[PDB]
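Comments concern the structure below.
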Protein chains: 2
Amino acid sequence: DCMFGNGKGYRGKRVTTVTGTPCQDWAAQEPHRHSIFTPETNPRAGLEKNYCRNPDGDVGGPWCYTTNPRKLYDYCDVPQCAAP
Amino acid sequence: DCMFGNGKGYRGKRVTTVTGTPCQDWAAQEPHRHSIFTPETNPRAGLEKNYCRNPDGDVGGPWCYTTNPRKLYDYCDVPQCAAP
């Protein structure tokens, strides 16, 4: 369970942010509403359940909306696949 | 101990690749000889001890030469710092 590059292609099952806070499901609008990055706005980004994803190829890598009421989003720690 | 972006500015003290192999010192020429990426070729990149670094700002983030005589180099796992 690892990514290549910035992980725009990453479809792994990591669900935890770098602080320990779980991800919010992409389909959920609670605790956090989100007008962007829903499974309907980004249908080919693999926004399934609450997996860490990088739908916009952010320089920071895979992230998610967090269940922390006070923090909207955060990065996840998804390792780089070992070099061949 | 975390980075921003692709980790070109990361100056932490992580020293293990994603497989758990201790990194080789940048100054060292064993177990792997390397004429590029030493403290005396990239003096502004913080190629110190065997700390994971991204001197060229490669998409895959921080890496190092490895102490594994059969693996030249590999990525390290340096987490993005928590989002501000």
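Note on naming: chains are A, B, ... as they come in the structure tokens, residues start from 1 per chain, ligands start from 1 in the order shown.
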
Exercise for the section: Please identify which residues in segment 5-75 of chain B DSSP calls strand (DSSP E) from the backbone, and express them as a ChimeraX atom specification. Expected result: /B:63-65,73-75

Mind writing the picked residues with C-alpha atoms as an mmCIF file, in the first residue's frame?
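Saved file selection_11.cif follows:
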data_model
loop_
_atom_site.group_PDB
_atom_site.id
_atom_site.type_symbol
_atom_site.label_atom_id
_atom_site.label_comp_id
_atom_site.auth_asym_id
_atom_site.auth_seq_id
_atom_site.Cartn_x
_atom_site.Cartn_y
_atom_site.Cartn_z
ATOM 1 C CA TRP B 63 15.523 9.430 -0.514
ATOM 2 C CA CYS B 64 19.007 8.203 0.230
ATOM 3 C CA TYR B 65 21.688 5.816 -0.991
ATOM 4 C CA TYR B 73 19.149 3.999 -3.194
ATOM 5 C CA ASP B 74 15.513 4.146 -2.106
ATOM 6 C CA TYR B 75 12.880 6.553 -0.870
#

Exercise for the section: Might you pull out every residue within 7 Å of residue 22 of chain B, with only C-alpha atoms counted and same-chain residues fewer than 3 positions away left off, and present them as a VMD selection string? Expected result: chain B and resid 15 to 17 66 to 67

Exercise for the section: Show me which bits of chain B are within 12 Å of chain A, counting only C-alpha atoms, as a ChimeraX atom specification. Expected result: /B:1-8,17-21,57-66,70-84

Next, dump the selected residues to file, keeping only C-alpha atoms, as a PDB file, in the first residue's frame.
ATOM      1  CA  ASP B   1      10.047  15.772  11.702  1.00  0.00           C
ATOM      2  CA  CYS B   2       7.997  16.278   8.536  1.00  0.00           C
ATOM      3  CA  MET B   3       8.265  17.988   5.176  1.00  0.00           C
ATOM      4  CA  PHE B   4       6.401  20.433   2.923  1.00  0.00           C
ATOM      5  CA  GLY B   5       5.722  19.943  -0.801  1.00  0.00           C
ATOM      6  CA  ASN B   6       8.128  17.370  -2.332  1.00  0.00           C
ATOM      7  CA  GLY B   7      10.598  17.771   0.524  1.00  0.00           C
ATOM      8  CA  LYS B   8      13.242  19.740  -1.366  1.00  0.00           C
ATOM      9  CA  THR B  17      14.217   3.974   3.586  1.00  0.00           C
ATOM     10  CA  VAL B  18      10.597   2.774   3.091  1.00  0.00           C
ATOM     11  CA  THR B  19      11.786  -0.841   3.592  1.00  0.00           C
ATOM     12  CA  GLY B  20      13.499  -0.003   6.876  1.00  0.00           C
ATOM     13  CA  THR B  21      17.096  -0.023   5.523  1.00  0.00           C
ATOM     14  CA  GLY B  57      13.277  17.884  -5.829  1.00  0.00           C
ATOM     15  CA  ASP B  58      12.179  14.593  -7.447  1.00  0.00           C
ATOM     16  CA  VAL B  59       8.426  13.894  -7.460  1.00  0.00           C
ATOM     17  CA  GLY B  60       9.032  10.838  -5.240  1.00  0.00           C
ATOM     18  CA  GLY B  61      10.308  12.978  -2.309  1.00  0.00           C
ATOM     19  CA  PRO B  62      13.250  12.389   0.066  1.00  0.00           C
ATOM     20  CA  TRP B  63      15.523   9.430  -0.514  1.00  0.00           C
ATOM     21  CA  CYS B  64      19.007   8.203   0.230  1.00  0.00           C
ATOM     22  CA  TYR B  65      21.688   5.816  -0.991  1.00  0.00           C
ATOM     23  CA  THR B  66      21.167   2.595   1.054  1.00  0.00           C
ATOM     24  CA  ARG B  70      22.551  -4.715  -3.455  1.00  0.00           C
ATOM     25  CA  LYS B  71      20.230  -1.606  -3.444  1.00  0.00           C
ATOM     26  CA  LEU B  72      21.758   1.666  -4.635  1.00  0.00           C
ATOM     27  CA  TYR B  73      19.149   3.999  -3.194  1.00  0.00           C
ATOM     28  CA  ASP B  74      15.513   4.146  -2.106  1.00  0.00           C
ATOM     29  CA  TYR B  75      12.880   6.553  -0.870  1.00  0.00           C
ATOM     30  CA  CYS B  76      12.295   7.312   2.755  1.00  0.00           C
ATOM     31  CA  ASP B  77       8.825   7.889   4.289  1.00  0.00           C
ATOM     32  CA  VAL B  78       8.801  11.523   5.517  1.00  0.00           C
ATOM     33  CA  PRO B  79       5.267  12.694   6.399  1.00  0.00           C
ATOM     34  CA  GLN B  80       3.881  15.975   5.252  1.00  0.00           C
ATOM     35  CA  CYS B  81       3.688  18.334   8.227  1.00  0.00           C
ATOM     36  CA  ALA B  82       0.103  18.786   9.498  1.00  0.00           C
ATOM     37  CA  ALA B  83      -1.753  21.287   7.301  1.00  0.00           C
ATOM     38  CA  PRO B  84      -1.889  24.862   8.664  1.00  0.00           C
TER      39      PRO B  84
END

Problem - Coordinates-based distance that separates atom CA of residue 28 of chain B from atom CA of residue 54 of chain B (Å, one decimal) - result: 17.3 Å

Problem - Selection near residue 39 of chain B, 7 Å with only C-alpha atoms, sequence-local residues under 4 positions removed, as a list in words - result: residues 26, 27, 43, 47 and 48 of chain B

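Proximity to residue 68 of chain B was assessed for B:30, B:10, B:44, B:35 counting only C-alpha atoms; the smallest distance is recorded for B:30.
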